[PDB]
Amino acid sequence: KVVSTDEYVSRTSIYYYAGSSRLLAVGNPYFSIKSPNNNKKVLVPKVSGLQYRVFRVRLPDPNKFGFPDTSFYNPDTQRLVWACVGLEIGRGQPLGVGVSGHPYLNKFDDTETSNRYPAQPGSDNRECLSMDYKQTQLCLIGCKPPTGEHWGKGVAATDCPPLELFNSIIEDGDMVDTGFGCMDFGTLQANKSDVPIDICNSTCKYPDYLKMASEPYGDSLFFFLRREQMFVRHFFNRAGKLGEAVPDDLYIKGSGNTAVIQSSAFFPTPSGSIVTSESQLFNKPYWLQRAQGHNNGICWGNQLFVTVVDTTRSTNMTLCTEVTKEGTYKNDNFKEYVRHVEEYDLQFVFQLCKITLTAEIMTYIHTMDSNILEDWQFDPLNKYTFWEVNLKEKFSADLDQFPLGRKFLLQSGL
Amino acid sequence: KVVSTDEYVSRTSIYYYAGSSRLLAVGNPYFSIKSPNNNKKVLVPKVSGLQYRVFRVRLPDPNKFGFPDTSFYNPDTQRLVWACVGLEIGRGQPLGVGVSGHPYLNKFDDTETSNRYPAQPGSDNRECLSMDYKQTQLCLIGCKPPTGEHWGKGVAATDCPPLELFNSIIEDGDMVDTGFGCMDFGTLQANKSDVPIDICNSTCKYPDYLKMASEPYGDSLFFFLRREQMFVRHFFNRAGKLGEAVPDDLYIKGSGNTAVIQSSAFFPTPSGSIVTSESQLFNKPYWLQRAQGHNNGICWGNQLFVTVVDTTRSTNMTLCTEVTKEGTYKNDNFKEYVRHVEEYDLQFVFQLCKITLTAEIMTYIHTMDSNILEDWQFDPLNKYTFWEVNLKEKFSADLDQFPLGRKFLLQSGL
Amino acid sequence: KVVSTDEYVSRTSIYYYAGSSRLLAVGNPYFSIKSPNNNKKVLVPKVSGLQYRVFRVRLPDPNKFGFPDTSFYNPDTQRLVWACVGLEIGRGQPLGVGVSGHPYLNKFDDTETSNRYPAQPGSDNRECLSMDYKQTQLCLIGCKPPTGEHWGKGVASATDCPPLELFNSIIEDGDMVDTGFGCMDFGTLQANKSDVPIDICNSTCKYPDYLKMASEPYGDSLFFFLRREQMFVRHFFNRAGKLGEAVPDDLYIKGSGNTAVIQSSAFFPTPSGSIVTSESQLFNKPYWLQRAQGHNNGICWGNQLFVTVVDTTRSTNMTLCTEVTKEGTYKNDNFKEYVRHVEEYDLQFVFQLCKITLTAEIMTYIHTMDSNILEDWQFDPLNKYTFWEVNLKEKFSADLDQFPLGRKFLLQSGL
Amino acid sequence: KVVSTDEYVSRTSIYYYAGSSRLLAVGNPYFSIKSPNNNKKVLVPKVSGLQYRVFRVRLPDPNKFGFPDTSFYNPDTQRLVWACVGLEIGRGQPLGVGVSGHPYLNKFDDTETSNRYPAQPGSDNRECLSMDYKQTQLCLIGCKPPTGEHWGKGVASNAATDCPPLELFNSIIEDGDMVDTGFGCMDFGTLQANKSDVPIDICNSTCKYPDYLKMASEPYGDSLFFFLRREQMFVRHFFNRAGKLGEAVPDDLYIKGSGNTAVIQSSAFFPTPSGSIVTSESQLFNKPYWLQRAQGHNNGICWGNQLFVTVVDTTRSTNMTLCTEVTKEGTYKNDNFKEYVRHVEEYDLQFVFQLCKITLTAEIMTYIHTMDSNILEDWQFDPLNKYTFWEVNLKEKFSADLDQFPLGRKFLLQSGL
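Counting of residues restarts from 1 for each chain and follows the sequence as written, so the numbers need not equal those of the entry; residues with no coordinates are not shown. Chains carry letters and ligands carry numbers; both start at the beginning, A for chains and 1 for ligands, and go up in the order they are written. Each value listed here was derived from the chains shown, which are themselves a piece of a larger assembly. Think of the side-chain values as coming from all heavy atoms in the structure, minus any hydrogens and water.

Per the PDB record, this model was obtained through X-ray crystallography at a reported resolution of 3.443 Å.

Laid out in structure tokens, this is it:
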């Protein structure tokens, strides 16, 4: 049914470089700040190292592109399309680790060494704690937005909410899993206090690698890299009513001080250990020679999708303003703010391709995607939020005038 | 006596892909919840990352399979059987570490730095503690269920129970070793308080690699991988009567505060350190080219057994329901639950094989297993618990339409 | 427009070694000590392992150099220039890690395990704490001073949070490298002078703008570079003072009683940089500049060179103690405590002599690239910056086998 | 000027093995013990894993050696000299880490997490602490004693500091000198007058670090025929010093406090190092080194019929605890026992030498004379005694039967003979 793109897409000797300039995002790493009384316009966006970066790269239409010589193909029976052969995801900020927390984190006791009896929380025993998240690096490249998975509230001896595994398109700004799982914390944790504030009212998504790899045409994952790591830093338990009590066959009942059983609703705090330059996935070129899927880097629709997660540059800068100048230090004389920045530099090398439009090939392309033939003269993604990267006026045939272009000339022997 | 399967099983050029869709398991990581009152129906199963996953894959009978052309073998003197040549164990959920504990853990004093004399009074000094288990990855593939070992109570100046090393069939759901050894904690630890609740009334089994490797025909281990790691996090001692006192020649008797000797029954807490993508054993293809045993991947009985242990995705999700909504936080207004999930996607590539049934080969096969000849027209495993994976209607000759199939075509050069 | 130097610069078989003597820097790792008078003359300089070392190496003019035989080129139509083909940055002193701190560090509570309610802050809750910084090794070699980036207070436009602007600047000798708190201007963005230790609290931390220096057309900044950074979070603290941006109400349920007053969610972590090893050392080993990724393949225009070095793996701070009053018993007031830091460098170079035929086309290319190249050849603005001047005009020798890096080059090239 | 020894030293096919027996050093790891007839005679020496081991290996004169056949060279116009081609530094005892401390360590507060105001008064707030030092492995081989560097008290100009002037000193590393421990290579006896800023085994000693740059840049290359090194350490804890802060923090770096924070605390921080972990995989010893081609001009030629092997190995620094019973009683009493600390070191040096001959032409005689006149004078054609070395006399340890020894068999397999 499905065939490789190498069987009906003819490669040419024409190569072009396309590089977006430096992309910056500066905001509050924990929450967005909206402008009153607008209650809809955001003045300071939420920019965190635990966010997905979904770049929608817009490519110019090669069939309407101003080539200096068009004698390499026949516009009467052939159409053109771009193919991605070189890619480098540039990262500018220094290596570092940021922290996230909650002023009312639902932590009762440290259950690691000493947690004797008796013990029973009051009505409000939340604490102001912080932690460092699981370290995650990943990059996905394709002509279709990636598909992610997360657990949500689904649809009786227990009052535990039913869990359902949901698939969704990963949009720019979505939170990645931090060590507490890939779930909808806003709907599955009603107290808003079990995880830090930057995810407590958000949904953490993990890329559904199995689904995106098992799709027939392979438009989602041309190529991908991933490096995750975490360990358990501390051991705590939850405050509140234990919904599922420990059955009687797992322990001998106590008495006296041990008469009232303590909450066995444990939860750990993660830590993505150390970050190193040696483990970096970025600032290095990737050559997309042969993809594992059937689509070998063909950018249908003249568009591209680059998904990036990089927690190795999650440093949160502390800013402090002086409200009142005095000869001695007073806490009420200063205001503290927290800001986070992200610096990207996407570099691409594209290969021009031609497709002879036979009746058989037109049938295959129509069954694959009718919009491909319609646009060739022979939209639903706007409801999602992406980082638009317009490279329509960024294409250049002079490869040796750019870093990735020179690297491509050395790699291919040109 | 025993000969390699390569000497009497003829390989063909026919290959088939078989793919197990997405498999999900959701439950309580510490204990199962049954129906009140039924004591036989289970509403919430026990699903933990420390459990064995024993998949019993059912293969279609090749002698009754609808092949498009059967001119490659002679059904009068030859029989068909499947051989496993390609395998990929798909893993979905993100990497993470979960914790387990006991609200009445038999911990007395922290014996790491400071434990002065005299010793804490009382009859019940158990504490509510938690820990992270030893990290264990392993996968076993074979046509016979795996054999595991565990220490249990045997029959016989100590009242210590006699220890006996037991072999048993590893069933789906059996607990793997967690750092406290592979033993029957339910029978050898009567107080139900020496290990956390998810193993305190269960049996931890470790694969008897030596027995399965030394078996004559080699039906258990076509291929296997393993990666274990742990270290000692904390040092504690047990409360209660020390059954075996330290002899007098190992210490000088004390006086005053040190008049009554403390319990020297020490025990450590493990810690499966850190998880990384670089150390993953799964989500990568295994090519069964030449097995170390005499069975070179022949799936006798048209069945298969895939055993998997993966604690690198043992994250326990915290769920929280709001029973009463109020303007201020109160602990009694919420219920806390703990859930764990597992996502698998088994992918197989099989090679069709033929066996010419000569008098010598029929005698050899009968001495190996009479049921092979009886079923060929020329049951006792139902008492055990396995995860049935029915692939009778999942075979396809179009390898390039699936991920593992494309990987297999690149590997073999076809 | 721009072409590689291999197309218009001809390589010769003449090689020269250049070796700097022993380079030492001794001072206070936290701050410089000036003279009671002028307040501008420095008695004790600031020498810290977290500082950039930007060596401006002066090379002798090859067009005015005394060669024993000048029959290899024609001065009427050709000019000479040096090309760097071998380099080894020698580093002295043992491996070690130093620490920096603040006697009035703005730390309130330890937010890692236990920070229960309620919280009653004061007016001055600063503490005397210390830490060890992020570990950073790097070396940049080029004929142009390096370009670094840092965040400073810009102008723009609401909330009273200061606007952030990304600034580029020339990395000068003595500038502070990022320590785990980011590359920012702490003097202007942290007014209380107490959020980071004293050695950076009134300074600017700069990070090399690798992207800008790599994307420049001629590639004069980065002939070659190495880098190794590492750090992890050691402790978790929170800030004292008014929280400028309060946590929105949709992220938590309000408390009551002891939990009525919310605690400060202005967290900040402490870096560490784990461990240093000899196996991870970037220095004391030769680098051979065979083919650069940029268009400039190691040509040292202007007869000068720039070597940028950061090495926190030798940041040990020596403790000195003087006895003011000698007594039979120990008294704290009888001694004075000092802190000193040292740095030992030994730069070694191997240069290859090159010739350039000055045709009308090549003269136009060089003029559009840099007119000062043609002007000096007979055919300054960097003085406002601070560099470590390394004068090698009288250090060139054609006898390569008489020096360590020269011998290593002779084995490498097969000469 | 300088030429390689391969250009004027002719190699022969004669090889000899020389192996020293088991070398042991047992003593107190923290300080030396004198005795009666004191301050001159030492009963218990200072033996610590943080010490340099500088072996001065004495070789027999090949020109006076009893060879079975002397027809391979002409004694009228040629002279003989040994060349080191094989070496194995054997190390005994198990791997382990020892600790050092000070009963009056100048520690004030733990400045890692909590150090609130105000600060404890006190005239003597020293504490009895210990630590594990930076891990260091190294071995240097040459025909000249090694040159080390250390910071000492210099000479100033008697402008507004009382800080002692620092001077970088070079010196010959003697057997028993202390290696750097993570506090730097300095003279703690002269630069730290209170004798309480570093543990007792270095507080009155000088820590030396090998001046690799000086020994590598020397013309003839007699110091470093070959060398290995592996150092590692990290910061375990954070403390600050007690006493008057000599250099106060300038006013532009902080806002002054008031009340509890009125008196500023000492910002004289110091960390404690910790040479992390030891492994067999990271061992430099118990393995053969083949000195085929040195980076210097001297290709392993043992001028003067002597050799220098410098070794530092902190991977076997375990300090054994000994306990004697002075009074036997039925119950434990602290005053009934005496506690001692001892440290041991076990070495086994193995060598494979190649016999060499040098034809003494007028040009070669001039080159050798300008290099070292004593070479020609001894050939018939002292100042190192003021230093302390571990003499390894191999004059009666040479054997021509290589296959009768471990390193000899390893050398025969390596060279294909």
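What follows picks up the thread again.
Undergrad: What exactly am I supposed to notice about the overall build of chain C here?
TA: Helix numbering and strand numbering both begin at the N terminus, where a helix is a DSSP run of H or I of at least 4 residues and a strand a DSSP run of E of at least 2. Along chain C, the regular secondary structure elements total 5 helices and 24 strands. When the backbone C-alpha atoms are referred to their principal axes, chain C occupies close to 90 × 65 × 45 Å. Partly exposed describes any residue whose relative accessible area lies between the buried limit of under 20% and the exposed limit of over 50%, with all areas from a 1.4 Å probe on protein chains only and scaled to the type maximum. Across the 415 residues that make up chain C, the buried fraction comes to 62%. With residues, only the protein chains shown are counted as cover, and all accessible areas are computed by Shrake-Rupley using a 1.4 Å probe. Counting only carbon and sulfur atoms, one obtains 48% of the accessible surface of chain C, whose full area is about 15500 Å². Charge separation in chain C, taken as the distance between the mean sites of 41 positive and 47 negative side-chain charges, equals 3 Å. In summary, the charge assignment counts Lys and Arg as positive and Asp and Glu as negative, without counting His or the chain termini. A charge is said to be at NZ when it belongs to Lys, at CZ for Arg, at CG for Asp and at CD for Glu.

Undergrad: Explain a nonpolar patch on the surface here, please?
TA: Residue and element names in this part refer to chain B. Together, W151, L163 and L165 line one region of the surface with nonpolar side chains, adding up to about 290 Å² of accessible area. The residue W151 is located in strand β10 (residues 147-153) in this model. Accessibility expressed as a relative area gives 35% for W151, which makes it partly exposed. Residues forming no salt bridge and having over 30% relative accessible area are the ones grouped into patches, like charges within 9 Å of each other and nonpolar side chains (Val, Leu, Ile, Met, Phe, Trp, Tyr) within 5 Å. The working definition used for a salt bridge is a side-chain nitrogen of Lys or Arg within 4 Å of a carboxyl oxygen of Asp or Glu.

Undergrad: How do you make sense of the packing of aromatic side chains when you look at a structure like this?
TA: The description of an aromatic ring pair uses the distance of the two centres, along with the angle that the planes make with each other. All names here are of chain A. Think of it this way: a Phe, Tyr or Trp ring, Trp meaning its six-membered ring, pairs with another when their centres are within 6.5 Å, and the plane angle makes it stacked under 30 degrees, edge-to-face over 60, tilted otherwise. Following the criterion strictly, the structure yields 121 aromatic pairs over all chains and no others. Residues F350 and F395 carry aromatic rings whose centres are separated by 5.3 Å and whose planes lie at 5° to one another, so their mutual orientation is stacked. Both residues of the pair, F350 and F395, count as buried. In this structure an aromatic cluster arises from ring pairing among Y16, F65, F67, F72, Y73, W82, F348, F350 and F395. One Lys or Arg, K383, reaches over the ring of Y384 and ends 5.7 Å from the middle of that ring. Put simply, a charge is over a ring when the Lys NZ or the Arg CZ is close to the ring centre, within 6 Å, and near the line of the ring normal, within 35 degrees.

Undergrad: When you look at the interface of chain D and chain C in this model, what are you seeing that I'm missing?
TA: Often, the extent of an interface is quoted as the loss of accessible area upon association of its parts. When checking whether two residues touch, look at their non-hydrogen atoms; a contact exists if any pair is within 4.5 Å. Contacts between chain D and chain C engage 88 residues on the former and 77 residues on the latter. As used here, buried area is the combined drop in accessible area, with a 1.4 Å probe, of two parts when they are placed together. Roughly 6900 Å² is buried in total at the junction of chain D and chain C, and carbon and sulfur atoms are behind 58% of that figure. Where chain D packs against chain C, one counts 8 salt bridges. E279 of chain C is the salt-bridge partner of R230 of chain D, the closest N and O atoms lying 3.3 Å from each other. Counting of polar contacts relies on pairs of N or O atoms within 3.5 Å, with two restrictions inside protein: one atom must be capable of donating a hydrogen and the other of accepting it, and residues adjacent in sequence are counted only when both atoms are side-chain atoms. Viewed at the interface, chain C and chain D are joined by 35 residue pairs in polar contact. Of all the elements in the fold, those that place two or more residues in the side of chain D that touches chain C are β8 (147-153), β9 (166-172), α2 (212-217), β12 (226-233), β13 (235-240), β14 (244-245) and β15 (269-273) of chain D. Here the side of chain D that touches chain C gets 5 residues from one element, more than from any other, and that element is β12 of chain D. Residues are grouped as follows: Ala, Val, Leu, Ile, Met, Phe, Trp, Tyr, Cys and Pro are nonpolar; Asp, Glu, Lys and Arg are charged; every other residue, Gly included, is polar. Its residues assigned to classes, the side of chain D that touches chain C shows 36 nonpolar, 29 polar and 23 charged. Here strand β22 (residues 335-357) of chain C pairs with β14 of chain D via 2 bridges, running parallel. Its bridge partner being in β14 of chain D, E337 of chain C is matched across the sheet by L245 of chain D. A pair of strands is considered paired only if DSSP assigns at least 2 bridges between the two.

Undergrad: Sorry, what's going on with the interface of chain D and chain B here?
TA: Facing the 4 residues of chain D at the interface are 4 residues of chain B. Taking both partners together, chain D and chain B bury about 310 Å²; carbon and sulfur atoms supply 63% of that area. It is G330, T331 and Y332 of chain D in chain D that bury the most area against chain B; as a group they hold 80% of the surface buried on that side. At the surface where chain D touches chain B, the tally comes to 0 salt bridges. For the pair chain D and chain B, the interface holds 1 residue pair in polar contact. Residues belonging to the side of chain D that touches chain B are distributed by class as follows: 2 nonpolar, 2 polar and no charged.

Undergrad: Mind showing me how you'd approach the sheet that holds strand β13 (residues 204-207) of chain A here?
TA: The strands making up a sheet associate through backbone hydrogen bonding, with each pair oriented either parallel or antiparallel. Residues and elements named next belong to chain A. Judged by pairing direction, the sheet is mixed, and its 4 strands sit side by side in the order β11-β10-β13-β12 without closing on themselves. Among the strands making up the open sheet, the edge pair consists of β11 (163-169) and β12 (175-176). Pairing of strand β10 (residues 147-153) with β13, which is carried by 2 bridges, proceeds in the antiparallel orientation. Bridging from a neighbouring strand, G148 pairs with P207 of β13.

Undergrad: I would appreciate a short explanation of the pattern of salt bridges in the present structure.
TA: Pairing between side chains of opposite charge can happen when their charged atoms approach one another. Residues and elements named next belong to chain B. All chains considered together, the criterion is met by 84 salt bridges over all chains. With a closest N to O distance of 2.7 Å, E88 and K407 form a salt bridge. With respect to class, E88 is no different from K407; both count as buried. Among the charged side chains, a network of salt bridges with common partners joins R53, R91, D172, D310, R313 and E342.

Undergrad: Looking at this structure, how should I read the nonpolar core?
TA: It is characteristic of soluble globular proteins that their nonpolar side chains tend to be buried jointly. Within the largest apolar cluster, 58 residues are counted, with the highest numbers of intra-cluster contacts made by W151, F180 and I199 of chain A. The residues contacting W151 of chain A, other than those within four sequence positions of it, are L163, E164, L165, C182, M183, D184 and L188 of chain A together with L24, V26, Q93, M317 and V341 of chain B. In this structure, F31, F186 and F237 of chain C together with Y254 of chain D belong to the second largest nonpolar core, which totals 56 residues. Definition used in this section: a nonpolar core is a set of buried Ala, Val, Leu, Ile, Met, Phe, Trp, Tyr and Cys residues joined via side-chain atoms within 4.5 Å.

Undergrad: Whenever I open this one, the side chain of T315 of chain B confuses me. Can you help?
TA: If you trace the backbone, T315 of chain B turns up in the loop between β20 (303-310) and β21 (316-322). Aside from chain neighbours lying at most four places away, what touches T315 of chain B is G179, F180 and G181 of chain A together with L95, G96, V97, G98, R339 and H340 of chain B.

Undergrad: It is not clear to me how the state of the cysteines should be interpreted in this structure. Could you clarify?
TA: Two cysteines joined by a covalent bond between their sulfur atoms form a disulfide. We call a pair of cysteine sulfur atoms a disulfide when they lie within 2.5 Å. Evaluated as defined, the whole model comprises 0 disulfides over all chains. Free of any disulfide, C320 of chain A has its nearest neighbouring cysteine sulfur in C161 of chain C, separated by 11 Å. Given the relative accessible area of 2%, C320 of chain A is considered buried. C207 of chain D takes part in no disulfide bond, and the closest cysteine sulfur to it belongs to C185 of chain D, at a distance of 8.1 Å. According to the relative accessible area criterion, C207 of chain D is buried, its value standing at 0%.

Undergrad: I would appreciate a short explanation of the environment of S123 of chain C in the present structure.
TA: Within the element layout of this structure, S123 of chain C appears in the loop between β7 (100-105) and β8 (127-131). Of the residues examined, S123 of chain C reaches a relative accessible area of 43% and is grouped as partly exposed. Considered as a pair, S123 of chain C and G90 of chain C are 33 residues apart in the sequence and their alpha carbons are 50 Å apart. If near-sequence neighbours (up to four positions away) are discounted, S123 of chain C is found in contact with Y329, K330 and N331 of chain A.

Undergrad: Just checking my understanding: could you explain helix α3 (residues 359-368) of chain B for this structure?
TA: Since the α-helix advances by 3.6 residues per turn, residues separated by three or four positions end up pointing in the same direction. All names here are of chain B. Taken as a whole, α3 has its buried residues at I361, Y364, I365 and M368. Summarising the axial view, the buried residues of α3 lie within an arc of 95°, below the 170-degree limit, and thus occupy one face. The outward face of α3, more than 90 degrees from its buried face, is lined by the exposed residues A359 and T367. Along its buried surface, α3 packs onto β22 (334-356) and α4 (370-375). Of all possible arcs, the one meant is that of the directions from the helix axis to the C-beta atoms.

Undergrad: Explanation requested: helix α5 (residues 406-415) of chain D in the structure shown.
TA: All names here are of chain D. Of the residues making up α5, those classed as buried are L407, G408 and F411. For α5, the buried positions fall inside an angular range of 100° around the axis, keeping them on one side. Among the structural elements, β1 (10-19), β4 (78-91), β16 (288-290) and β20 (337-359) are those in contact with the buried residues of α5. Positive backbone phi, approximately 80°, marks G416, located one or two places after α5.

Undergrad: For this particular structure, what's the right way to read unusual backbone geometry?
TA: The phi torsion of most residues other than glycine is negative, and most of the peptide bonds are trans. With an omega dihedral of 0°, the bond running from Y117 of chain A to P118 of chain A counts as a cis peptide bond. Take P118 of chain A: it is sitting in the loop between β7 (100-105) and β8 (127-131). Omega for the bond connecting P36 of chain B with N37 of chain B falls within 30 degrees of zero, at -5°, which places this linkage in the cis form. In this fold, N37 of chain B is placed in the loop between β3 (33-34) and β4 (42-44). With phi around 55°, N302 of chain A is a residue other than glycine that occupies positive phi space. The exposure class assigned to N302 of chain A is buried, which follows from its relative accessible area of 15%. Phi angles above zero are rare outside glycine, and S157 of chain C is one such case at about 55°. Take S157 of chain C: it is sitting in the loop between β10 (147-153) and β11 (164-170).

Undergrad: Would you mind going over the environment of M175 of chain B with me for this structure?
TA: Residues and elements named next belong to chain B. With respect to the helices, strands and loops of the structure, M175 is situated in strand β12 (residues 175-176). For the pair formed by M175 and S202, sequence separation is 27 residues and the distance between their alpha carbons is 7.0 Å. Every residue in contact with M175, bar those within four places of it in the chain, is listed here: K46, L50, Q51, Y52, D198, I199, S202, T203, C204 and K205.

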